[PDB]
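A single chain, nothing else alongside it, follows as structure tokens in the form deposited in one PDB entry.
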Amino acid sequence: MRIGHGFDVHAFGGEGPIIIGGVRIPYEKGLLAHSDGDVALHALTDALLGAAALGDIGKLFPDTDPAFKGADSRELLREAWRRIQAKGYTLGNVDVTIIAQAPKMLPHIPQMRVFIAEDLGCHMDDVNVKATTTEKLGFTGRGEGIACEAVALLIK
């Protein structure tokens, strides 16, 4: 009954591990962002919110508002989901597409699913995650950063 679309990108820099779909992945560099740069969750939240017609992470997570300043993506997703259910919506299914030249996400997909299908209730079958390489082409191909696109569905 309601469709949503999210999109988000983040740039590299900072040694430490990166976090995607709530999973800590080892890698040369880390992701910037003044919040743990979880492009996957951020794009997922935006999809969900955009389908409920509630904004785009700037309603709960602005940037200069003491409401939700320092918090990880898992908390925001969880908060965003609460407001969405407040408007009487329930999850149908969500599909997430991660775009990066490296590192390899294939081995982490399942753990990501577990996290996501946990912070939204629902069973894993209602959550899909996949990654794509881009073939060393754009800013993602040159390893300058990482991007993610997501879609979602709601009800009754």
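Sequential numbering from 1, following the sequence displayed. Under this definition, the rigid core comprises the largest set of C-alpha atoms superposing within 1.5 Å between the forms.
Keep in mind that the form deposited in another entry is missing from the display, and what follows is about it.
Shift analysis on the rigid core between this form and the one not shown singles out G58 from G92, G88, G58, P110 (C-alpha displacement of 2 Å or more). Comparing the forms between this form and the one not shown, the C-alpha position of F68 differs by 2 angstroms or more, with the core used for superposition. The pair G70 and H10 is tighter in the other entry: their Cα-Cα distance falls by no less than 3 Å compared with this form.
Relative to the shown form, the CA atoms of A53 and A67 are pushed 3 Å or more farther apart in the other entry.
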